[PDB]
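# Summary of the model geometry
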Amino acid sequence: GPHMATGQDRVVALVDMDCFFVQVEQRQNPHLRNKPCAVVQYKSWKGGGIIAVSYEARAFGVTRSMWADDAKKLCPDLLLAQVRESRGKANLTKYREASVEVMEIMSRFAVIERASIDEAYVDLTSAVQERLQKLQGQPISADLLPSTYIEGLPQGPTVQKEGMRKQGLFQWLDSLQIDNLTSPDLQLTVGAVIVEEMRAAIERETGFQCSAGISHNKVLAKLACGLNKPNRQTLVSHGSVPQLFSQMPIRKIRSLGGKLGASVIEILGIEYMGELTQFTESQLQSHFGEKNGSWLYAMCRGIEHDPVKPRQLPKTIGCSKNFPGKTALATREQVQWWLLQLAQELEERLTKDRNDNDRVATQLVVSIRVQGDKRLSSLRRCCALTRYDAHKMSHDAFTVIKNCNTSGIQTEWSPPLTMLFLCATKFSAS
DNA sequence: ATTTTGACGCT
DNA sequence: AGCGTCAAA
Ligand SMILES: [Ca+2]
Ligand SMILES: [Mg+2]
């Protein structure tokens, strides 16, 4: 009752760019705008592998991981943009730089946590409080929320999408308690006003559209963000959680999309997130561990406490290349040449990072996959990263992995290498 | 023969 | 330190 917490203390948003790499290429090449389009890496094998897909192309069934030749089978007029290749490998610089454009705009509004190349969490709690004081008890107009969905509404006693959106928004605003600056629902609504402004700024200043979720924590904000895509935002209130979760597959919640989620389904014999409420905290801890158990117990009730970390920059800078099937690296010369290519791209990115961000990486992590392993990485070794020098970095990576060569022969490498990975880590201020 | 990334937990 | 899990384009 009165001491039972409800996880309504914060306002958190998750902003996610729509079909991000596609939008970067469409900004650059107007011929691709408003077209079924995809971004591919490496044309030679089956037309290249698709990594991003415009919504027009998704309507034909084109997806990520599809080979372009197969996507062309689904969408004969599919347009393609290729990832740049440098030093023999795909180079993602253009997308990292576009990401920086968007992150810097978001940072003007509030503290952000960079969650991936195209998404960031936003802690809006303080901005909401300040805006509520500026408003001076003044009601919130639907005009301030032109692209917002209220999850769960309309409800109770129009057949077009925008009509439904406006009906739900009207019901929500009609109900709000604006005279109470401490109402969680009002705080979320002001949060949504701010996110509308943030999203307008992103589009004005970059050309890129995005979707967003607004709720009381990161998991619900991420879930909300995905409910109305593209170019829309969704408010998930605490009160919307019981109905939302009653038919929500467990795997849709962040961190439960893999083995743990599968084990929750199998061990408990349930399918939907809401069904978790019927277990005690200790029961969940017994099956899934203390940390996971407590997390599940609170999360199925819509409560999560993970903070929006103040971190706009990535914590690691990495480069990797797969060598699939018959192209696996089988000679010492091959392994060293590709370590050099990787180290050169890495030196370039590290030098840029040092100039822009006043920091230096101090550890180099080397990872390889050997032919036969189902595991993504077969081996990981580290060494000191003392100079941004590609020849030195490539020499050190070879030195720390050379003893993996089973081969009795001088020049040959066995078992062949199907992956090389260099990652600069452990940044210190400079 | 999705590939190329990034963060974080366990022991 | 090294391995495993989960997730983004
Ligand atoms: Ca996205
Ligand atoms: Mg994303």
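In the PDB, the entry goes by the title "Human DNA Pol eta with dA-ended primer and dATP: in crystallo reaction for 40 s". What UniProt states about chain A under its Subcellular location heading is, verbatim, "Nucleus". Regarding chain A, the relevant UniProt record gives this comment under Sequence similarities: "Belongs to the DNA polymerase type-Y family."

## Some words on the coordination of the calcium ion (ligand 1)
Distances from the calcium ion (ligand 1) to its protein donors, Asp 16 (OD), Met 17 (O) and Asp 118 (OD), fall within 2.2 to 2.3 Å. Going along the chain, you hit the donors of the calcium ion (ligand 1) in the pattern D-M-x100-D. Separating the calcium ion (ligand 1) from the magnesium ion (ligand 2) is a gap of 3.2 Å, which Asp 16 spans by donating to each of them. Here the residue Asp 16 occupies a position in strand β1 (residues 12–17), and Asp 118 occupies one in the loop between β7 (112–116) and β8 (119–123), the gap between them amounting to 102 residues. A relative accessible area of 7% places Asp 16 in the buried class.

## Observations concerning the protein's contact with DNA strand C
Near DNA strand C there are 24 residues, and of these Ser 116, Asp 118, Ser 255, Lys 259 and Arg 380 occur at the shortest range. A share of 86% is what sugar and phosphate atoms reach among the atoms of DNA strand C within 4 Å of the protein. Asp 118 is positioned with one of its side-chain polar atoms (N or O) 2.8 Å from a sugar or linking oxygen of DNA strand C. Between DNA strand C and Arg 380, the relevant distance is 2.9 Å, taken from a phosphate oxygen to a main-chain nitrogen or oxygen of the residue. Looking at the surface near DNA strand C, the elements that each hand over two or more residues are α1 (20–28), β3 (49–53), α10 (259–268) and β15 (379–384). Sort the elements by how many residues they give to the surface near DNA strand C and β15 lands first, with four residues.

## Thoughts on the coordination of the magnesium ion (ligand 2)
The magnesium ion (ligand 2) binds to the protein through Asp 16 (OD), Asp 118 (OD) and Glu 119 (OE), with metal-donor distances spanning 2.2 to 2.7 Å. Positions of the donor residues of the magnesium ion (ligand 2) along the chain correspond to the pattern D-x101-D-E.

## Details of unusual backbone geometry
Geometrically, the link from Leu 153 to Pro 154 is a cis peptide bond, its omega value of 0° lying close to zero. Looking at the element boundaries, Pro 154 is found in the loop between β9 (148–150) and α6 (161–175). Note the cis peptide between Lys 229 and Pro 230, where omega equals 0°. Structurally, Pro 230 can be placed in the loop between α8 (218–227) and β11 (233–235). Phi at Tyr 42 is positive, roughly 65°, even though this residue is not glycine. Take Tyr 42: it is sitting in the loop between β2 (37–41) and β3. Even without being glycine, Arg 87 reaches a positive phi, approximately 55°. Position of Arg 87 among the secondary structure elements: in the loop between β5 (85–86) and β6 (89–90). Residue classification places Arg 87 among the partly exposed positions, given a relative accessible area of 33%.

## Details of the sheet that holds β11
What the six strands build is an open sheet, ordered β7-β8-β1-β10-β11-β9; its pairing is mixed. Each edge of the open sheet is held by one strand with a lone partner, namely β7 and β9. Between one strand axis and the next, the sheet turns through 20° on average, direction left out of account. By the bridge criterion, six bridges tie β1 to strand β10 (residues 210–215) in an arrangement that is antiparallel. Within β10, the position partnered with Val 12 by the bridge is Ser 215. Set on the sheet, helix α7 (residues 184–206) makes contact with β1, β8, β9, β10 and β11; between it and β10 the angle comes to about 160°. Those strands touched by α8 are β1, β7, β8, β10 and β11, and its axis lies near 140° from that of β10.

## A few points about the pairing of strand β12 (residues 317–322)
Burial along β12 is one-sided: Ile 317, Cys 319 and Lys 321 are buried, and none of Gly 318, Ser 320 and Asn 322, which face the opposite way, are. Inspection of the sheet shows β12 paired to strand β16 (residues 412–429) by six bridges, in the antiparallel sense. Across the sheet, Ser 320 pairs through a bridge with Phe 421, a residue of β16.

Definitions and cut-offs
Residues numbered from 1 in each chain as written, not as in the entry; some residues may be left out. Chains lettered and ligands numbered in written order. Heavy atoms only, no water. UniProt positions renumbered as here; feature names shortened; annotations may be inferred. Donors = N, O, S within 2.8 Å, 3.2 Å for Na, K, Ca; no water. Helix = DSSP H or I, 4+ residues; strand = E, 2+ residues; numbered from the N terminus. Buried < 20%, exposed > 50% of the residue type's maximum accessible area, 1.4 Å probe, protein only. Near = heavy atom within 4 Å. Polar contact = N/O pair within 3.5 Å; in protein donor to acceptor, adjacent residues only side chain to side chain. Pairing = 2+ DSSP bridges. Axes fitted to C-alpha atoms, helices over the stretch in contact; angles between N-to-C directions. Contact = heavy atoms within 4.5 Å.

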